Amino acid sequence: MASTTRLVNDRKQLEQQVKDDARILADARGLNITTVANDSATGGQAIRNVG
Amino acid sequence: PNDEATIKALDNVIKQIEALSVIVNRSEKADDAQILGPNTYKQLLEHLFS
């Protein structure tokens, strides 16, 4: 029970902080949206009324 | 308990924590401004009489 028993939590906090400041400064470069089309047809068997 | 595993775990944890606390964030981007090269006017044709 000393300062050596606080290393794992220290690493957790350090990891979270590094993940945050690695993204605050990263540049924002937006991409161009493409591949948009109507390709969601639905199949099945017809009714074919008899008479 | 084996006393040769605790030392290895402590080594790994210390080394990882210290490798995490050395990396720094620094950028050198420029500004969105332009250069604004020189230019001159040009006159259009005109007709004159009196």
# chains A, B, ... in the order shown; residues from 1 in each chain; ligands from 1
>>> residues_around(residues="stretch 3-17 of chain B", least_positions_apart="3", cutoff="9 Å", atoms="only C-alpha atoms", output="list in words")
residues 7, 8, 10, 11, 14 and 15 of chain A; 20 and 21 of chain B
>>> interface_residues(of="chain A", to="chain B", cutoff="12 Å", atoms="only C-alpha atoms", output="PDB file with N, CA and C atoms, in the first residue's frame")
ATOM      1  N   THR A   4       3.455   2.724  -5.311  1.00  0.00           N
ATOM      2  CA  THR A   4       3.648   1.709  -6.338  1.00  0.00           C
ATOM      3  C   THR A   4       2.346   1.003  -6.677  1.00  0.00           C
ATOM      4  N   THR A   5       1.349   1.098  -5.804  1.00  0.00           N
ATOM      5  CA  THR A   5       0.060   0.469  -6.042  1.00  0.00           C
ATOM      6  C   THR A   5      -0.893   1.357  -6.821  1.00  0.00           C
ATOM      7  N   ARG A   6      -0.382   2.367  -7.522  1.00  0.00           N
ATOM      8  CA  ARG A   6      -1.218   3.261  -8.311  1.00  0.00           C
ATOM      9  C   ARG A   6      -0.683   3.399  -9.730  1.00  0.00           C
ATOM     10  N   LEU A   7       0.003   2.375 -10.225  1.00  0.00           N
ATOM     11  CA  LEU A   7       0.618   2.452 -11.544  1.00  0.00           C
ATOM     12  C   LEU A   7      -0.356   2.111 -12.662  1.00  0.00           C
ATOM     13  N   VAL A   8      -1.215   1.113 -12.463  1.00  0.00           N
ATOM     14  CA  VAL A   8      -2.153   0.724 -13.510  1.00  0.00           C
ATOM     15  C   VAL A   8      -3.150   1.845 -13.780  1.00  0.00           C
ATOM     16  N   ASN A   9      -3.697   2.441 -12.720  1.00  0.00           N
ATOM     17  CA  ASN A   9      -4.614   3.560 -12.910  1.00  0.00           C
ATOM     18  C   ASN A   9      -3.902   4.752 -13.533  1.00  0.00           C
ATOM     19  N   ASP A  10      -2.645   4.973 -13.155  1.00  0.00           N
ATOM     20  CA  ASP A  10      -1.868   6.038 -13.772  1.00  0.00           C
ATOM     21  C   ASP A  10      -1.751   5.792 -15.270  1.00  0.00           C
ATOM     22  N   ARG A  11      -1.476   4.549 -15.663  1.00  0.00           N
ATOM     23  CA  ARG A  11      -1.370   4.237 -17.082  1.00  0.00           C
ATOM     24  C   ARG A  11      -2.704   4.423 -17.788  1.00  0.00           C
ATOM     25  N   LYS A  12      -3.806   4.066 -17.129  1.00  0.00           N
ATOM     26  CA  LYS A  12      -5.121   4.262 -17.738  1.00  0.00           C
ATOM     27  C   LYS A  12      -5.385   5.738 -18.007  1.00  0.00           C
ATOM     28  N   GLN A  13      -5.147   6.584 -17.004  1.00  0.00           N
ATOM     29  CA  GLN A  13      -5.361   8.015 -17.191  1.00  0.00           C
ATOM     30  C   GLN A  13      -4.440   8.573 -18.265  1.00  0.00           C
ATOM     31  N   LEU A  14      -3.180   8.135 -18.274  1.00  0.00           N
ATOM     32  CA  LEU A  14      -2.247   8.612 -19.286  1.00  0.00           C
ATOM     33  C   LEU A  14      -2.691   8.202 -20.681  1.00  0.00           C
ATOM     34  N   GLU A  15      -3.177   6.969 -20.833  1.00  0.00           N
ATOM     35  CA  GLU A  15      -3.656   6.519 -22.132  1.00  0.00           C
ATOM     36  C   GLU A  15      -4.832   7.358 -22.600  1.00  0.00           C
ATOM     37  N   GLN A  16      -5.787   7.620 -21.706  1.00  0.00           N
ATOM     38  CA  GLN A  16      -6.932   8.441 -22.090  1.00  0.00           C
ATOM     39  C   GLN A  16      -6.488   9.840 -22.500  1.00  0.00           C
ATOM     40  N   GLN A  17      -5.586  10.441 -21.723  1.00  0.00           N
ATOM     41  CA  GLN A  17      -5.115  11.785 -22.033  1.00  0.00           C
ATOM     42  C   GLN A  17      -4.387  11.825 -23.369  1.00  0.00           C
ATOM     43  N   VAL A  18      -3.542  10.827 -23.639  1.00  0.00           N
ATOM     44  CA  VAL A  18      -2.818  10.794 -24.903  1.00  0.00           C
ATOM     45  C   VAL A  18      -3.780  10.620 -26.068  1.00  0.00           C
ATOM     46  N   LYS A  19      -4.774   9.744 -25.917  1.00  0.00           N
ATOM     47  CA  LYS A  19      -5.764   9.584 -26.975  1.00  0.00           C
ATOM     48  C   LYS A  19      -6.491  10.894 -27.244  1.00  0.00           C
ATOM     49  N   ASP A  20      -6.764  11.669 -26.193  1.00  0.00           N
ATOM     50  CA  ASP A  20      -7.468  12.933 -26.390  1.00  0.00           C
ATOM     51  C   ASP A  20      -6.591  13.974 -27.081  1.00  0.00           C
ATOM     52  N   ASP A  21      -5.352  14.157 -26.615  1.00  0.00           N
ATOM     53  CA  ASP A  21      -4.571  15.240 -27.203  1.00  0.00           C
ATOM     54  C   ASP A  21      -3.959  14.834 -28.532  1.00  0.00           C
ATOM     55  N   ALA A  22      -4.029  13.555 -28.895  1.00  0.00           N
ATOM     56  CA  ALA A  22      -3.667  13.163 -30.248  1.00  0.00           C
ATOM     57  C   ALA A  22      -4.766  13.471 -31.251  1.00  0.00           C
ATOM     58  N   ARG A  23      -5.975  13.780 -30.781  1.00  0.00           N
ATOM     59  CA  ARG A  23      -7.081  14.109 -31.663  1.00  0.00           C
ATOM     60  C   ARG A  23      -7.494  15.569 -31.605  1.00  0.00           C
ATOM     61  N   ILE A  24      -7.160  16.290 -30.532  1.00  0.00           N
ATOM     62  CA  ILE A  24      -7.503  17.710 -30.495  1.00  0.00           C
ATOM     63  C   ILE A  24      -6.737  18.467 -31.574  1.00  0.00           C
ATOM     64  N   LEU A  25      -5.487  18.077 -31.818  1.00  0.00           N
ATOM     65  CA  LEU A  25      -4.614  18.814 -32.719  1.00  0.00           C
ATOM     66  C   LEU A  25      -4.670  18.282 -34.147  1.00  0.00           C
ATOM     67  N   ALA A  26      -5.115  17.043 -34.339  1.00  0.00           N
ATOM     68  CA  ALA A  26      -5.144  16.458 -35.673  1.00  0.00           C
ATOM     69  C   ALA A  26      -6.005  17.293 -36.611  1.00  0.00           C
ATOM     70  N   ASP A  27      -5.530  17.453 -37.844  1.00  0.00           N
ATOM     71  CA  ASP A  27      -6.226  18.281 -38.816  1.00  0.00           C
ATOM     72  C   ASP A  27      -7.550  17.648 -39.224  1.00  0.00           C
TER      73      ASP A  27
END
>>> atom_distance(atom1="atom CA of residue A:28", atom2="atom CA of residue B:19")
26.8 Å
>>> select_by_dssp(residues="chain A", states="alpha helix (DSSP H)", output="count of residues only")
18
